[PDB]
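Each remark here refers to the structure printed beneath this line.
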Ligand SMILES: *[C@@H]1O[C@H](CO)[C@@H](O[C@@H]2O[C@H](CO)[C@@H](O)[C@H](O)[C@H]2NC(C)=O)[C@H](O)[C@H]1NC(C)=O
Ligand SMILES: *[C@@H]1O[C@H](CO)[C@@H](O[C@H]2O[C@H](CO)[C@@H](O)[C@H](O)[C@H]2NC(C)=O)[C@H](O)[C@H]1NC(C)=O
Ligand SMILES: *[C@@H]1O[C@H](CO)[C@@H](O[C@H]2O[C@H](CO)[C@@H](O)[C@H](O)[C@H]2NC(C)=O)[C@H](O)[C@H]1NC(C)=O
Ligand SMILES: OC[C@H]1O[C@H](O)[C@H](O)[C@@H](O)[C@H]1O
Ligand SMILES: [Ca+2]
Ligand SMILES: [Ca+2]
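Residue numbers (mature numbering (1 follows the signal peptide of the UniProt record, and there is no 0)): 17 to 353.
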């Protein structure tokens, strides 16, 4: 049962996390052979909280594949910057599994991750890679990542370093979500690089009736100002086109969700841009961006935000341009993952 409500996005941090490998070289940050190595950790929910979903940040020397409860949720590489991943969880326990690869002979090897678990009651806790994870001094067995594998006589992982103290130094957090891939949109009264003074509304519905939606993460900015609504409830608002806002919606409807925006132009150019990531209970996700599949209207009707209004006399939203275009450029400050 979920009492958590929409909130400012809380970044997962690598500060308490550790670099792990097998200990085949007993020198942490020491030279290791070209190899692939498994890592597993069963994490159980405290008390009587349920776990709902997780924000994940993961970094690797040299590369990684990340699994949750047997499902591949991502592939990545590199220790200078982490990769953001989002996933729905089982309510009481979750098996995290990583395949790490060292790709350069005589080079250091290591995996670092932070798993920020969001609970049914609106609390969070960070879990990290450390000595309590299990590994093998061999290539991963077939199905090493499924819960059905017994990791009981696997050895402990060996710590290679901490966030501040390691051969790698501290990885930079990635952006929570990319704006690359999204579009500044407006009503079709936005011509010759300016739009009238006034408020305009935008709507997007996601409805996969054969899947169970769990959590959404939203990244949004507007020239001049916006208010954002999910299923008619206020999520938040901002007034900056140079600093974006990120939100978590932990209480999604399982099949049908409507995002609505009242955005206001104070004068000159105008636009609204957003990236939305939705997690599904099978471990899959969907990305939605501001584009021409959104609906827009120039006079905002009463109830523009309720989920099931009549969209007659809403137009396709106009693409002003892909993220990057003048006048706003590529420099938006995006919260960390
Ligand atoms: C959302 O899910 C999919 C798979 O369930 C992930 O990715 C595709 O998977 C890889 C892994 O990063 C990407 O490189 C590709 O771009 C996708 N396939 C292509 C282009 O063929 C993705 O990681 C997940 N997102 C999360 C967990 O945040
Ligand atoms: C992860 O740990 C959990 C909790 O310790 C394991 O869960 C269970 O295992 C018991 C013995 O099989 C069951 O009879 C319990 O009902 C159940 N406990 C809870 C709290 O759910 C779980 O199997 C582990 N998963 C993996 C992949 O090891
Ligand atoms: C859309 O947003 C704008 C601004 O966020 C809303 O505007 C105004 O309406 C108030 C009436 O409640 C007035 O007191 C203010 O003069 C004015 N406020 C601002 C900050 O402009 C607008 O009503 C919003 N809603 C709709 C449905 O248009
Ligand atoms: O980036 C263009 C910028 O310039 C204008 O004159 C306005 O004050 C802002 O609302 C913004 O639209
Ligand atoms: Ca290496
Ligand atoms: Ca403006």
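The beta carbon of each residue, even a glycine, is placed where N, CA and C say it ideally should be.
For residue j and residue i, believed in contact at Cβ under 8 Å, the rounded distance
i           : j           : result
residue 104 : residue 299 : 7 Å
residue 84  : residue 112 : 6 Å
residue 294 : residue 237 : Not really, about 20 Å apart at Cβ, beyond 8 Å.
residue 304 : residue 68  : Residue 304 to residue 68, Cβ: 20 Å. No contact.
residue 371 : residue 291 : Examination of residue 371 is not possible in this model, given that the chain is present from 17 through 353 alone.
residue 2   : residue 78  : With the chain running from 17 to 353 in the structure shown, residue 2 is simply not present.
residue 35  : residue 184 : 7 Å
residue 53  : residue 116 : 5 Å
residue 47  : residue 123 : 6 Å
residue 50  : residue 121 : 6 Å
residue 213 : residue 287 : Actually they do not touch by this definition, with Cβ atoms about 15 Å apart.
Close Cβ partners of residue i (< 7 Å) along its chain, the five nearest in sequence each way excluded
i           : result
residue 97  : 187, 188, 190
residue 314 : 203, 205, 216
residue 301 : 102, 293, 294, 295
residue 32  : 142, 144
residue 247 : 269, 273, 274, 323
Cβ shell of residue i (< 6 Å), same chain only, five flanking positions each side left out
i           : result
residue 332 : 308
residue 243 : 253, 278
residue 215 : 278, 280, 316
residue 251 : 22, 244, 263
residue 346 : 340
residue 330 : 311, 313
residue 338 : 199
residue 114 : 55, 80, 82, 127
residue 162 : 86
residue 255 : 241
Distance, residue j Cα to residue i Cα
i           : j           : result
residue 157 : residue 176 : 23 Å
residue 267 : residue 109 : 20 Å
residue 179 : residue 206 : 47 Å
residue 92  : residue 276 : 33 Å
residue 2   : residue 150 : Since the displayed the chain opens at 17 and closes at 353, residue 2 lies outside it and no answer follows.
residue 172 : residue 126 : 14 Å
residue 198 : residue 143 : 31 Å
residue 19  : residue 138 : 7 Å
residue 208 : residue 336 : 10 Å
residue 211 : residue 200 : 13 Å
residue 269 : residue 60  : 25 Å
residue 348 : residue 257 : 7 Å
residue 72  : residue 265 : 16 Å
residue 351 : residue 26  : 9 Å
residue 155 : residue 55  : 11 Å
residue 319 : residue 193 : 29 Å
residue 39  : residue 232 : 38 Å
residue 220 : residue 326 : 13 Å
residue 160 : residue 166 : 9 Å
residue 196 : residue 182 : 32 Å
Residue i - partner residues in DSSP beta bridges
i           : result
residue 246 : 249, 275
residue 166 : Paired residues: none, contrary to the question.
residue 67  : 135
residue 223 : 272
residue 91  : 81
residue 343 : Bridge partners of residue 343: none, in fact.
residue 109 : 60
residue 187 : Per DSSP, none; premise fails for residue 187.
residue 299 : DSSP, once it has assigned bridges, lists no residue as partnering residue 299.
residue 72  : 101, 131
residue 117 : 52, 79
residue 86  : The partner list for residue 86 (beta bridge, DSSP) is empty, contrary to what the question assumes.
residue 241 : 280
residue 230 : According to DSSP, which records beta bridges pairwise, residue 230 is partnered with nothing at all.
residue 293 : 233, 303
residue 261 : 236
Spatial neighbours of residue i in its chain, beta-carbon cut-off 8 Å, leaving aside the 5 residues before and after
i           : result
residue 224 : 271, 296, 302
residue 141 : 62, 132, 133, 135
residue 334 : 201, 202, 203, 204, 206, 308, 312
(Q) Residues around ligand 3, please: the condition is that the C-beta lies closer than 5 Å to some non-hydrogen atom of it. (A) Here the list is 215, 278, 280, 316.
(Q) Which residues neighbour ligand 2 when neighbourhood means a C-beta less than 6 Å away from any of its non-hydrogen atoms? List them by chain order. (A) After applying the 6 Å Cβ criterion, the set is 58, 60, 108, 109, 111, 163.
(Q) Residues around ligand 1, please: the condition is that the C-beta lies closer than 7 Å to some non-hydrogen atom of it. (A) Checking every Cβ against the heavy atoms of ligand 1 under 7 Å gives 88, 89, 90, 91, 92, 100, 101, 102, 103, 293, 299, 300, 301.
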